[PDB]
Amino acid sequence: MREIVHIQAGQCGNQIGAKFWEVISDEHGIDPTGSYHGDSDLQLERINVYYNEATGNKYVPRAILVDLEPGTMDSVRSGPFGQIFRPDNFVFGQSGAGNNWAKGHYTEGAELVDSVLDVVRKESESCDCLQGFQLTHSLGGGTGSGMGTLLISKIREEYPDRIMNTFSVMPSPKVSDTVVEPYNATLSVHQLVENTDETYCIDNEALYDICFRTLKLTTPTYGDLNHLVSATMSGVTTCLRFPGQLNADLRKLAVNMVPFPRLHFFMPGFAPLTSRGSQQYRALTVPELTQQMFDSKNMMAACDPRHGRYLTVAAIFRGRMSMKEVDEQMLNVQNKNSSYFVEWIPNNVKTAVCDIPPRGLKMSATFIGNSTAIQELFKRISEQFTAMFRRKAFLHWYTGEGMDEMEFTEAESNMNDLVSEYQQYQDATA
Amino acid sequence: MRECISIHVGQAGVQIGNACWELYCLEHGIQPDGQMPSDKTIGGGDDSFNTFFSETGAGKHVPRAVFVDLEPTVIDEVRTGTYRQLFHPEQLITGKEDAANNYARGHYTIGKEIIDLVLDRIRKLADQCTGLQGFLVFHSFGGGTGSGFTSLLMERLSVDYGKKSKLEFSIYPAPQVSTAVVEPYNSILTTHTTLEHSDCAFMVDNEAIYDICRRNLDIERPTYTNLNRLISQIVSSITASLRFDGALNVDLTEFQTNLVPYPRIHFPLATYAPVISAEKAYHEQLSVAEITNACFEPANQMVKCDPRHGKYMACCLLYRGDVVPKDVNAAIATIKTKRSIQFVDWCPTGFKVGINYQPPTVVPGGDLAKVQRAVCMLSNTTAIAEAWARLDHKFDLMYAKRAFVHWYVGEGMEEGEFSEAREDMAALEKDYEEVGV
Amino acid sequence: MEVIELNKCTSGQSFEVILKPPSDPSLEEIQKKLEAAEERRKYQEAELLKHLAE
Amino acid sequence: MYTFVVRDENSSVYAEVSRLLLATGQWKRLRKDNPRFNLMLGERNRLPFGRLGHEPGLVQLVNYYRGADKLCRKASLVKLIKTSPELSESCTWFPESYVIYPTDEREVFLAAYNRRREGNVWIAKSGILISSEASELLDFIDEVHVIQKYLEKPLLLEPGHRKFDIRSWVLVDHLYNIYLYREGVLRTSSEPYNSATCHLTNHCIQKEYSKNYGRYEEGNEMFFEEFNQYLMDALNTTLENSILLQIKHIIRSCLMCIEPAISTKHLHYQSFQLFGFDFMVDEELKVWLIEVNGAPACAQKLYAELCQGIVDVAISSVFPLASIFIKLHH
Ligand SMILES: Nc1nc2c(ncn2[C@@H]2O[C@H](COP(=O)(O)OP(=O)(O)OP(=O)(O)O)[C@@H](O)[C@H]2O)c(=O)[nH]1
Ligand SMILES: Nc1ncnc2c1ncn2[C@@H]1O[C@H](COP(=O)(O)OP(=O)(O)CP(=O)(O)O)[C@@H](O)[C@H]1O
Ligand SMILES: Nc1nc2c(ncn2[C@@H]2O[C@H](COP(=O)(O)OP(=O)(O)O)[C@@H](O)[C@H]2O)c(=O)[nH]1
Ligand SMILES: [Ca+2]
Ligand SMILES: [Mg+2]
Ligand SMILES: [Mg+2]
Ligand SMILES: [Mg+2]
């Protein structure tokens, strides 16, 4: 009965957050009304991790919905699984954040954050043994980015001994809403490096390229992007939601994945890559899963793993398959490409198997890699940042909210430090 | 009659404990009920099996055992399992959140908050002992509880029970089933702290029994259930002398006397044979010579190493089933001429033999086949140091970069304890090399 | 090949064969270590809550 | 793809094997401390045998036999021959030897030495000292050696009246098949053997102290075809009959004696190893064993064929890709 409190902040945060709850509610046999109608006890054995029980055996997501405008949250309440959410956990303002980190972190969001922390507290008090928190948000906007990291800092103050986890969507000009996204992202990363234990880096650059090149979607929507996110999120939380030996809770995952405190930005991967309604008929063989899950084309962060080294890896296979063949294939990857795994962390690849597959598939595999190649992501954001900041472009939006140019300089420097720290261990030898 | 108390710590310790006590009950004819029809002395007894069982006025035979885990799932299965009636609640101790595969978290942070409770529950078993001789402690090297809390428990037992012996059954970490990257850290750390507090420790490498399950039981991908069923047979062989009428290893003190000349070098290598699949339709029963000779094949050892390139300090043969001394000595004579068996100059080249006419009991529906005779060799050979070397190498690789160290420091441990524990292991490897080369 | 100290009973028998002859910390100290580590945790947490206060 | 590591850079033999392996395109060399290897060309000293065979999903092989040093060290070889019943004190192909410590078999050596005086030349090996004076030999040791009977009447090669020793290369695979290389070499002395540089057939001592280095044959090295011919011409016999039968007997006796102690038949890792057996032969065409080398070099013109043989017999046998050897049957 180790509970996780979920928070979703902003448009992006609530969009994927909603899809996340749709997917796993279906995996746990919970319907839009909160009633269980599954055919396996494995579905309810660890249901308490993400759900609260009410009278009539109703299952209520331990989820808090946050935004500075009511737009997306009204869409969620009118969505398929809208009713399932605890109505009082809908915490929203009216002013919006205007894609402005400063508005979310210092002014507009500061006004709303206490209200959110009240709901968090009411949830946490009900917990038998709170593991920690998972946050879904984008880093390119204002609310999810600015207020999201504000929440994280406050939550760490009240719950300093609990694990902080995030699903952070990284901005990309291929799907850009605004030109100030590199600013918001750089300021957010600065917060994440300090105040999170585990961050899944979900790059919109990657999600777009996957949708276009692989899934052959000529005009990718956010729905096409979130089909990939929800599928990844379900996968990385499998070990948390079902019985298992490996990475069964947030802390044990952190201990396995995070050799150094600042280097906790994970590169997720998923196989097989599918589009919505594709409904493919041939299951993949265990060898096929293993080759694809490690393939660059299946990474949700636009980084080439062959350009860096793996510090740690977590692989999760779902569905009825040969655990013997899985072990063999996993051992085969490491032994065939041993150069890409740091030799000074022995046996840094851990594998889990879950009998229950995701809907629409007989076989699937989820990848979680702590690679030094993730620096490519932060480099990219840093280049976009400096291109504008060298001319102090668009800063007036931020100085108008009380921010000083120094705070940008500090944020940039810390991210450039993160990049250099990754490069340090990419060259390190035993 | 002198009582023995079994302490099962962490997931590995508990689940192995479950396997052992299940087996014990079958061997002594005790039911899940806790009833033992053969025991005509009701409510008490001075018998050899009373070393491991106490008796109630109603005639229930209760394991002198305590189960501890900093997380309730595993012990909750015991509370609801087949042998739920066997134990009483105060024996099963559980926390709320585990040590997260972190030695420092199990030793310092969470250990501090439950150590007094456990010792009190242990005290309540000891108060029911007329002549408590010592403790049998089951735990993993790799887990946070198994490593962290055990070392804390071993320190305090030496305080509250200074005169009493303490034996370990330790699970050495193997990647094929390991659940954490830092298990080499935890292993070295708990070995360093526990070394002076343990009189004799039996290491079981999960790698070895994993392959024994693949090779000899034809199990494609062994589970903990497969591993524990086999481990329990080994443990039963080792503890049979404490539970049955005999004259070899009749108390815990005799284990140290017979197998441990030097205190620090208290890690006997266990070897067991035969291991036969219950699915083998046709099987030729193996002779005394054939099973005794198998005790010198690395493929049957609890820890894979090469005793040929080390020296012996002591050896003990523990037979179960149709075995007579004449056939044993005949097998020993033949084996000595064929194999490389060199003792240290200051030890007799000999074997302490123990026979029990009752063949090995096997769990119904288990993977193991019934055999008419089996043996478990306990040999203190310097070759087991190969396992320390492997472990210390993995430790050196990670610690050179201080990888994962922050997780321990954050729990209150000082970075110095790492190098301190590593130094102790460096000396230990040095001791082994002096004695054996 | 000398057998010695042969002991027999209804349950079994034991003996020894020789092929060749030869040729601490107090309870107090423990409580200190657990408490010293506790203070280091409390210090580290205090520095965090100090940093967050800034 | 198979993988291997190199941890002995100063190995001429396995530098060539390493090159040959890569040239197949089916072998990739890793960093020396990468543990996920199929093959290990390990260091000469303190090789970590204890870390081999513990890598799931990897068949691991190494180019050395743990315990083979009992054969390849002077003092250990002596002790092995005297104390092993398979070889026995009554061993007619190994010179009379004794182990002596500076500052032990000193008493036993003198006991037999006094017997000799009433040919009594010996040799002290760790810099070497040949002398009939026991008192001088013992002094040389003090300021661990072996004292061995010096072969006063060696077979002398003509023209030159010069001595020599024979080097045989033996490859033992993971199944303990004993493979004798077709080619051997005679390390010759270029100086006339003087009863009272010309006693030591060492290639280094010859090149440095001999004026006559390389007149009779290339680098004071005679190979088997020439040596065989000479034996037919001069003595009316063959290399096979007069010498090799004894060589094959000695090689088998030594390696079969040690097999139970070093065999990796049922081990979690596997071993092969290249040995170099060094022989003298006397006037009577009687073969003697000098020593065994555990890390032998090869003759320059033989490196290619031998090294390719190691790959075919010892390595490819375990790791199949996509005879120069005489099998000494047991
Ligand atoms: N043989 C055997 N080994 C086990 C078993 N359970 C766990 N292990 C091993 O124990 C090590 C991990 O330690 P655990 O005992 O599971 O962890 P713990 O003692 O509960 O400590 P924490 O969970 O971190 O608080 C790994 O190397 C496992 O392979 C078991 O039932 N049998
Ligand atoms: N017992 C003996 N009787 C006669 N000559 C002997 C002898 N022992 C050694 N020699 C000669 O002295 C030389 C010394 O070589 P030894 O093999 O003893 O040392 P080494 O190990 O330094 C040379 P390598 O390793 O190349 O064979 C021999 O090649 C041989 O020519
Ligand atoms: N994958 C995905 N990304 C989104 C979505 N909505 C916005 N984003 C990304 O998030 C950034 C805009 O942030 P947004 O969530 O709209 O700002 P906020 O609501 O004020 O926190 C841009 O980089 C977008 O690419 C969505 O539904 N899916
Ligand atoms: Ca009784
Ligand atoms: Mg938006
Ligand atoms: Mg546990
Ligand atoms: Mg030599």
# chains A, B, ... in the order shown; residues from 1 in each chain; ligands from 1
>>> interface_residues(of="chain A", to="chain B", cutoff="8 Å", atoms="only C-alpha atoms", output="PyMOL selection string")
chain A and resi 129+245-247+251-252+255-256+258-261+323-324+343-348+350+430
>>> write_last_selection(atoms="C-alpha atoms", output="PDB file, in the first residue's frame")
ATOM      1  CA  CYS A 129       2.798   5.087   3.173  1.00  0.00           C
ATOM      2  CA  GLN A 245      10.804  -7.765  -8.085  1.00  0.00           C
ATOM      3  CA  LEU A 246      12.586  -4.995  -9.980  1.00  0.00           C
ATOM      4  CA  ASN A 247      12.039  -1.254  -9.533  1.00  0.00           C
ATOM      5  CA  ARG A 251      12.968   4.894  -4.573  1.00  0.00           C
ATOM      6  CA  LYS A 252      14.367   1.515  -5.626  1.00  0.00           C
ATOM      7  CA  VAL A 255      18.743   3.872  -6.556  1.00  0.00           C
ATOM      8  CA  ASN A 256      19.125   1.652  -9.616  1.00  0.00           C
ATOM      9  CA  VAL A 258      20.716   7.416 -10.670  1.00  0.00           C
ATOM     10  CA  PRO A 259      24.470   6.977 -10.002  1.00  0.00           C
ATOM     11  CA  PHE A 260      24.873  10.717  -9.443  1.00  0.00           C
ATOM     12  CA  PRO A 261      22.149  13.030  -8.089  1.00  0.00           C
ATOM     13  CA  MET A 323      11.563 -15.384 -19.802  1.00  0.00           C
ATOM     14  CA  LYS A 324      14.460 -17.567 -20.972  1.00  0.00           C
ATOM     15  CA  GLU A 343      32.372  -0.699 -17.585  1.00  0.00           C
ATOM     16  CA  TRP A 344      32.644   0.967 -14.163  1.00  0.00           C
ATOM     17  CA  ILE A 345      29.024   0.132 -13.334  1.00  0.00           C
ATOM     18  CA  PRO A 346      28.840  -3.686 -13.586  1.00  0.00           C
ATOM     19  CA  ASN A 347      25.540  -5.261 -14.647  1.00  0.00           C
ATOM     20  CA  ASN A 348      23.922  -1.865 -15.131  1.00  0.00           C
ATOM     21  CA  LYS A 350      18.067  -4.634 -15.284  1.00  0.00           C
ATOM     22  CA  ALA A 430      37.981   2.113 -15.511  1.00  0.00           C
TER      23      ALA A 430
END
>>> residues_near_ligand(ligand="ligand 1", cutoff="7 Å", atoms="only C-alpha atoms and all ligand atoms", output="MDAnalysis selection string")
chainID B and resid 9:13 15:16 69:71 98:102 106 139:147 171:174 177:179 183 206 224:225 227:228
>>> residues_near_ligand(ligand="ligand 4", cutoff="6 Å", atoms="only C-alpha atoms and all ligand atoms", output="number ranges by chain")
B: 39, 41-42, 44-45
>>> residues_around(residues="residue C:9", least_positions_apart="2", cutoff="12 Å", atoms="only C-alpha atoms", output="list in words")
residues 244, 245, 246, 247, 248, 354, 355, 356 and 357 of chain B; 6, 7, 11, 12, 13 and 14 of chain C
>>> interface_residues(of="chain C", to="chain A", cutoff="8 Å", atoms="only C-alpha atoms", output="number ranges by chain")
C: 45, 49, 52
>>> select_by_dssp(residues="stretch 75-291 of chain A", states="strand (DSSP E or B)", output="VMD selection string")
chain A and resid 90 to 92 129 to 138 163 to 170 198 to 203 265 to 271
>>> write_last_selection(atoms="N, CA and C atoms", output="CSV table (one decimal), in the first residue's frame")
chain,number,residue,atom,x,y,z
A,90,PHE,N,-9.8,19.5,-8.8
A,90,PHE,CA,-9.7,20.4,-10.0
A,90,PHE,C,-9.4,21.8,-9.4
A,91,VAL,N,-8.1,22.2,-9.5
A,91,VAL,CA,-7.6,23.4,-9.0
A,91,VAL,C,-7.2,24.3,-10.1
A,92,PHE,N,-7.9,25.4,-10.4
A,92,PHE,CA,-7.6,26.3,-11.5
A,92,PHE,C,-7.9,27.7,-11.2
A,129,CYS,N,1.4,4.9,3.3
A,129,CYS,CA,2.8,5.1,3.2
A,129,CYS,C,3.1,5.7,1.8
A,130,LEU,N,3.1,7.1,1.8
A,130,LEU,CA,3.4,7.8,0.6
A,130,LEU,C,4.8,7.6,0.0
A,131,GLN,N,4.8,7.1,-1.2
A,131,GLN,CA,6.1,7.0,-1.9
A,131,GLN,C,6.7,8.3,-2.3
A,132,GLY,N,5.8,9.1,-2.9
A,132,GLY,CA,6.2,10.4,-3.4
A,132,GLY,C,5.3,10.9,-4.5
A,133,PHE,N,5.8,11.7,-5.4
A,133,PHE,CA,4.9,12.4,-6.4
A,133,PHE,C,5.4,12.2,-7.8
A,134,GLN,N,4.5,12.2,-8.7
A,134,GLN,CA,4.8,12.2,-10.1
A,134,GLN,C,4.1,13.4,-10.8
A,135,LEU,N,4.8,14.2,-11.5
A,135,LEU,CA,4.3,15.4,-12.2
A,135,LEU,C,4.4,15.2,-13.7
A,136,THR,N,3.3,15.6,-14.4
A,136,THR,CA,3.2,15.7,-15.8
A,136,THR,C,3.1,17.1,-16.3
A,137,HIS,N,4.0,17.6,-17.1
A,137,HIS,CA,4.0,18.9,-17.6
A,137,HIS,C,4.9,19.2,-18.8
A,138,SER,N,4.8,20.3,-19.4
A,138,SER,CA,5.7,20.7,-20.5
A,138,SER,C,6.6,21.7,-19.9
A,163,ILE,N,10.1,10.9,-2.7
A,163,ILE,CA,10.6,10.9,-4.1
A,163,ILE,C,9.8,11.9,-5.0
A,164,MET,N,10.6,12.7,-5.8
A,164,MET,CA,9.9,13.6,-6.7
A,164,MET,C,10.3,13.1,-8.2
A,165,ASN,N,9.2,12.7,-8.9
A,165,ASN,CA,9.3,12.2,-10.3
A,165,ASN,C,8.6,13.1,-11.2
A,166,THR,N,9.1,13.2,-12.5
A,166,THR,CA,8.4,14.0,-13.5
A,166,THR,C,8.4,13.4,-14.9
A,167,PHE,N,7.3,13.6,-15.6
A,167,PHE,CA,7.3,13.4,-17.0
A,167,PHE,C,7.3,14.8,-17.7
A,168,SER,N,8.5,15.2,-18.1
A,168,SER,CA,8.7,16.6,-18.6
A,168,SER,C,8.8,16.6,-20.2
A,169,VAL,N,7.8,17.2,-20.8
A,169,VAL,CA,7.8,17.4,-22.3
A,169,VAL,C,8.7,18.5,-22.7
A,170,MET,N,9.7,18.2,-23.5
A,170,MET,CA,10.7,19.2,-24.0
A,170,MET,C,10.2,19.9,-25.3
A,198,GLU,N,13.9,11.8,-10.5
A,198,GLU,CA,13.7,11.1,-11.7
A,198,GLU,C,12.9,11.9,-12.7
A,199,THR,N,13.5,12.2,-13.9
A,199,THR,CA,12.8,12.9,-14.9
A,199,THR,C,12.8,12.2,-16.2
A,200,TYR,N,11.7,11.8,-16.7
A,200,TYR,CA,11.5,11.2,-18.0
A,200,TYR,C,11.5,12.3,-19.1
A,201,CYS,N,12.6,12.4,-19.9
A,201,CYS,CA,12.6,13.4,-20.9
A,201,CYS,C,11.9,13.0,-22.2
A,202,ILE,N,10.7,13.7,-22.4
A,202,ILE,CA,9.9,13.4,-23.5
A,202,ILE,C,10.0,14.5,-24.5
A,203,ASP,N,10.8,14.3,-25.5
A,203,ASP,CA,11.1,15.3,-26.5
A,203,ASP,C,10.1,15.4,-27.6
A,265,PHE,N,18.1,12.3,-15.7
A,265,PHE,CA,17.3,12.6,-16.8
A,265,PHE,C,17.3,11.4,-17.8
A,266,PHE,N,16.1,10.7,-17.8
A,266,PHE,CA,16.1,9.4,-18.5
A,266,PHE,C,15.6,9.6,-19.9
A,267,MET,N,16.1,8.7,-20.8
A,267,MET,CA,15.7,8.6,-22.2
A,267,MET,C,14.7,7.4,-22.4
A,268,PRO,N,13.4,7.7,-22.5
A,268,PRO,CA,12.5,6.5,-22.6
A,268,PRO,C,12.4,6.0,-24.0
A,269,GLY,N,12.0,4.7,-24.2
A,269,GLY,CA,11.9,4.0,-25.4
A,269,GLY,C,10.7,3.0,-25.4
A,270,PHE,N,10.1,2.8,-26.5
A,270,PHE,CA,9.0,1.9,-26.6
A,270,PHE,C,8.9,1.1,-27.8
A,271,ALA,N,8.4,-0.2,-27.7
A,271,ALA,CA,8.3,-1.1,-28.9
A,271,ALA,C,7.2,-2.0,-28.7
>>> interface_residues(of="chain D", to="chain A", cutoff="9 Å", atoms="only C-alpha atoms", output="count of residues only")
13
>>> residues_near_ligand(ligand="ligand 7", cutoff="9 Å", atoms="only C-alpha atoms and all ligand atoms", output="VMD selection string")
chain D and resid 72 to 74 291 to 296
>>> residues_around(residues="residue C:27", least_positions_apart="5", cutoff="10 Å", atoms="only C-alpha atoms", output="PyMOL selection string")
(chain B and resi 155-156+158-160) or (chain C and resi 32)
>>> write_last_selection(atoms="N, CA, C and O atoms", output="mmCIF file, in the first residue's frame")
data_model
loop_
_atom_site.group_PDB
_atom_site.id
_atom_site.type_symbol
_atom_site.label_atom_id
_atom_site.label_comp_id
_atom_site.auth_asym_id
_atom_site.auth_seq_id
_atom_site.Cartn_x
_atom_site.Cartn_y
_atom_site.Cartn_z
ATOM 1 N N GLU B 155 25.465 -7.062 15.657
ATOM 2 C CA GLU B 155 26.218 -6.274 16.627
ATOM 3 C C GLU B 155 25.563 -6.325 18.006
ATOM 4 O O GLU B 155 26.245 -6.440 19.022
ATOM 5 N N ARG B 156 24.236 -6.252 18.033
ATOM 6 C CA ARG B 156 23.501 -6.180 19.290
ATOM 7 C C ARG B 156 23.333 -7.543 19.956
ATOM 8 O O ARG B 156 23.210 -7.627 21.178
ATOM 9 N N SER B 158 25.626 -9.802 19.984
ATOM 10 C CA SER B 158 26.909 -10.013 20.644
ATOM 11 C C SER B 158 26.956 -9.282 21.985
ATOM 12 O O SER B 158 27.766 -9.610 22.854
ATOM 13 N N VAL B 159 26.087 -8.289 22.141
ATOM 14 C CA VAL B 159 25.984 -7.537 23.387
ATOM 15 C C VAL B 159 25.041 -8.243 24.362
ATOM 16 O O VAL B 159 25.391 -8.468 25.520
ATOM 17 N N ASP B 160 23.852 -8.596 23.881
ATOM 18 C CA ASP B 160 22.822 -9.202 24.723
ATOM 19 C C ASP B 160 23.039 -10.702 24.941
ATOM 20 O O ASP B 160 22.483 -11.281 25.875
ATOM 21 N N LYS C 32 25.589 5.461 19.940
ATOM 22 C CA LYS C 32 26.246 6.678 19.482
ATOM 23 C C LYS C 32 26.327 6.719 17.961
ATOM 24 O O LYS C 32 26.041 7.747 17.346
#
>>> residues_near_ligand(ligand="ligand 3", cutoff="7 Å", atoms="only C-alpha atoms and all ligand atoms", output="PyMOL selection string")
chain A and resi 9-13+15-16+67+96-99+137-145+169-172+175-177+181+204+222-223+225-226
>>> write_last_selection(atoms="C-alpha atoms", output="compact mmCIF listing (two decimals), in the first residue's frame")
# COMPACT_ATOMS: atom_id res chain seq x y z
CA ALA A 9 -0.06 21.06 -14.68
CA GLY A 10 -0.95 23.15 -17.73
CA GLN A 11 -2.38 22.30 -21.14
CA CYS A 12 0.24 19.70 -22.05
CA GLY A 13 0.35 18.31 -18.52
CA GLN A 15 -3.67 16.46 -21.91
CA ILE A 16 -1.16 13.65 -21.42
CA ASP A 67 -3.88 25.01 -14.51
CA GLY A 96 -3.56 32.11 -17.68
CA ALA A 97 0.24 32.25 -17.88
CA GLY A 98 0.76 33.34 -21.49
CA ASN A 99 3.63 30.91 -22.14
CA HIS A 137 3.99 18.95 -17.58
CA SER A 138 5.69 20.72 -20.47
CA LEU A 139 8.77 22.90 -20.03
CA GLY A 140 8.02 25.22 -22.95
CA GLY A 141 4.86 26.86 -21.65
CA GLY A 142 4.23 28.98 -18.56
CA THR A 143 1.97 27.09 -16.18
CA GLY A 144 3.32 23.54 -16.40
CA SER A 145 6.84 24.91 -16.67
CA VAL A 169 7.80 17.35 -22.26
CA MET A 170 10.67 19.18 -23.98
CA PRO A 171 9.93 21.93 -26.54
CA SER A 172 10.91 21.78 -30.21
CA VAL A 175 6.03 21.64 -32.80
CA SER A 176 6.69 25.09 -31.35
CA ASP A 177 3.89 27.25 -29.97
CA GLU A 181 10.07 28.15 -25.24
CA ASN A 204 8.49 16.71 -28.88
CA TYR A 222 -1.00 16.33 -30.49
CA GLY A 223 -3.22 13.25 -30.31
CA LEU A 225 2.03 12.68 -30.10
CA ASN A 226 0.18 11.69 -26.93
>>> interface_residues(of="chain C", to="chain B", cutoff="9 Å", atoms="only C-alpha atoms", output="PDB file with C-alpha atoms, in the first residue's frame")
ATOM      1  CA  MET C   1      43.626 -44.767   6.649  1.00  0.00           C
ATOM      2  CA  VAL C   3      39.133 -44.553  11.544  1.00  0.00           C
ATOM      3  CA  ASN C   7      29.673 -43.464  17.498  1.00  0.00           C
ATOM      4  CA  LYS C   8      26.505 -45.400  16.675  1.00  0.00           C
ATOM      5  CA  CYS C   9      22.797 -44.955  17.366  1.00  0.00           C
ATOM      6  CA  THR C  10      19.463 -46.010  15.864  1.00  0.00           C
ATOM      7  CA  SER C  11      19.303 -42.800  13.801  1.00  0.00           C
ATOM      8  CA  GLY C  12      22.745 -43.193  12.250  1.00  0.00           C
ATOM      9  CA  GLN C  13      26.451 -43.060  13.026  1.00  0.00           C
ATOM     10  CA  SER C  14      29.426 -40.700  12.834  1.00  0.00           C
ATOM     11  CA  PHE C  15      33.215 -41.040  12.776  1.00  0.00           C
ATOM     12  CA  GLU C  16      36.473 -39.433  11.654  1.00  0.00           C
ATOM     13  CA  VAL C  17      38.995 -40.783   9.147  1.00  0.00           C
ATOM     14  CA  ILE C  18      42.571 -39.487   8.946  1.00  0.00           C
ATOM     15  CA  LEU C  19      44.719 -40.037   5.852  1.00  0.00           C
ATOM     16  CA  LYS C  20      47.800 -38.178   7.104  1.00  0.00           C
ATOM     17  CA  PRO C  21      48.871 -36.224  10.207  1.00  0.00           C
ATOM     18  CA  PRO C  22      49.965 -32.537  10.148  1.00  0.00           C
ATOM     19  CA  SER C  23      53.483 -31.504   9.067  1.00  0.00           C
ATOM     20  CA  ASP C  24      33.110  -6.331  20.974  1.00  0.00           C
ATOM     21  CA  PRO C  25      31.562  -2.830  20.681  1.00  0.00           C
ATOM     22  CA  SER C  26      29.468  -1.789  23.687  1.00  0.00           C
ATOM     23  CA  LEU C  27      25.746  -1.027  23.577  1.00  0.00           C
ATOM     24  CA  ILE C  30      26.321   1.377  19.030  1.00  0.00           C
ATOM     25  CA  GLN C  31      23.731   3.915  20.199  1.00  0.00           C
ATOM     26  CA  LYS C  33      26.883   5.535  15.909  1.00  0.00           C
ATOM     27  CA  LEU C  34      23.169   5.332  15.120  1.00  0.00           C
ATOM     28  CA  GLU C  35      22.631   8.763  16.661  1.00  0.00           C
ATOM     29  CA  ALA C  36      25.663  10.317  14.962  1.00  0.00           C
ATOM     30  CA  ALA C  37      24.294   9.209  11.595  1.00  0.00           C
ATOM     31  CA  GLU C  38      20.868  10.574  12.531  1.00  0.00           C
ATOM     32  CA  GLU C  39      22.318  14.021  13.210  1.00  0.00           C
ATOM     33  CA  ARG C  40      24.090  14.025   9.850  1.00  0.00           C
ATOM     34  CA  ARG C  41      20.740  13.348   8.171  1.00  0.00           C
ATOM     35  CA  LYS C  42      19.090  16.111  10.214  1.00  0.00           C
ATOM     36  CA  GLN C  44      21.624  17.732   5.600  1.00  0.00           C
TER      37      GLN C  44
END
>>> atom_distance(atom1="atom CA of residue D:147", atom2="atom 15 (O, counted along the ligand's line) of ligand 2")
13.1 Å
>>> residues_near_ligand(ligand="ligand 2", cutoff="8 Å", atoms="only C-alpha atoms and all ligand atoms", output="list in words")
residues 95, 122, 123, 125, 128, 148, 149, 150, 151, 152, 154, 163, 164, 165, 167, 187, 199, 200, 201, 202, 203, 278, 280, 290, 291, 292, 293 and 296 of chain D
>>> interface_residues(of="chain D", to="chain B", cutoff="9 Å", atoms="only C-alpha atoms", output="ChimeraX atom specification")
/D:49-51,54-56,66-67,260-262,266-268
>>> residues_around(residues="residue B:138", least_positions_apart="3", cutoff="7 Å", atoms="only C-alpha atoms", output="PyMOL selection string")
chain B and resi 7-9+13+168-170
>>> atom_distance(atom1="atom CA of residue D:190", atom2="atom CA of residue D:94")
25.7 Å
>>> residues_around(residues="residue B:133", least_positions_apart="2", cutoff="12 Å", atoms="only C-alpha atoms", output="PyMOL selection string")
chain B and resi 1-6+51-52+126+129-131+135-136+161-167+242+250-254
>>> write_last_selection(atoms="C-alpha atoms", output="mmCIF file, in the first residue's frame")
data_model
loop_
_atom_site.group_PDB
_atom_site.id
_atom_site.type_symbol
_atom_site.label_atom_id
_atom_site.label_comp_id
_atom_site.auth_asym_id
_atom_site.auth_seq_id
_atom_site.Cartn_x
_atom_site.Cartn_y
_atom_site.Cartn_z
ATOM 1 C CA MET B 1 19.065 -30.275 25.054
ATOM 2 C CA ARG B 2 20.169 -26.792 23.993
ATOM 3 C CA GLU B 3 17.799 -24.643 21.932
ATOM 4 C CA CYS B 4 18.550 -22.829 18.669
ATOM 5 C CA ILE B 5 16.742 -19.704 17.462
ATOM 6 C CA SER B 6 16.464 -18.989 13.726
ATOM 7 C CA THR B 51 16.225 -27.602 19.562
ATOM 8 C CA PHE B 52 14.170 -25.999 16.780
ATOM 9 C CA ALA B 126 15.294 -16.831 24.618
ATOM 10 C CA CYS B 129 15.085 -21.604 26.429
ATOM 11 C CA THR B 130 16.650 -23.608 29.248
ATOM 12 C CA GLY B 131 20.056 -23.564 27.574
ATOM 13 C CA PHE B 135 21.436 -18.184 16.584
ATOM 14 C CA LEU B 136 21.028 -19.080 12.901
ATOM 15 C CA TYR B 161 24.118 -12.758 24.153
ATOM 16 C CA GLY B 162 27.914 -12.605 24.345
ATOM 17 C CA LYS B 163 28.477 -16.261 25.232
ATOM 18 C CA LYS B 164 26.236 -17.539 22.438
ATOM 19 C CA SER B 165 27.363 -18.695 18.998
ATOM 20 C CA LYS B 166 26.016 -17.131 15.807
ATOM 21 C CA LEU B 167 25.877 -18.819 12.401
ATOM 22 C CA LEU B 242 21.113 -30.264 15.614
ATOM 23 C CA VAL B 250 25.466 -31.668 17.848
ATOM 24 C CA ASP B 251 25.807 -28.019 18.917
ATOM 25 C CA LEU B 252 26.603 -24.720 17.176
ATOM 26 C CA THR B 253 29.966 -24.581 18.960
ATOM 27 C CA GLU B 254 31.086 -27.748 17.191
#
